[PDB]
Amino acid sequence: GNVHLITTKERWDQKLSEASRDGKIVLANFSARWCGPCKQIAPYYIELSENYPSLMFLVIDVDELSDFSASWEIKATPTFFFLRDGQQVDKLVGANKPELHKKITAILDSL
């Protein structure tokens, strides 16, 4: 059960601490419940999370964390950030399955 749903600024702040603790890169999926391209990739994202234990997979519910989201300047859903210690290593706007998988692949070998 490797995708964590973030609903609170405290739970975000906790999970980022854990990943830092363990030298994991955080994949954050800023997405929405009633969002069609977000539903489209949601099972793929769970499947990815099973296959890549050295990434911490988060989903950020943008309807719930609306202020935190404006702060990350979310302009479309889903939006993905790869974060190391909070610094963006990469970013993907949209449910693009191939592209997401390629970014995970690239961040994994090298960083």
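Start at 1 with the first residue shown and count on from there.
*Asks:* Between 59-67 and 73-81, point out the one with the higher average CA B-factor as the PDB entry records it.
*Replies:* Higher mean C-alpha B-factor: 59-67.
*Asks:* So where's residue 3 on the chain's Cα temperature factor ranking, which third?
*Replies:* Lowest third of the chain for residue 3's C-alpha B-factor.
*Asks:* What third of the chain does residue 40 rank in for C-alpha temperature factor, lowest, middle or highest?
*Replies:* Within its chain, residue 40 is a middle-third residue by C-alpha B-factor, going by the deposited values.
*Asks:* In terms of the chain's CA B-factor thirds, is residue 49 lowest, middle or highest?
*Replies:* CA B-factor rank for residue 49: middle third.
*Asks:* Would you mind ranking residue 101 by its C-alpha B-factor against the rest of the chain and naming the third, lowest, middle or highest?
*Replies:* For residue 101, whose C-alpha B-factor we compare with every modelled residue in the chain, the answer is the middle third.
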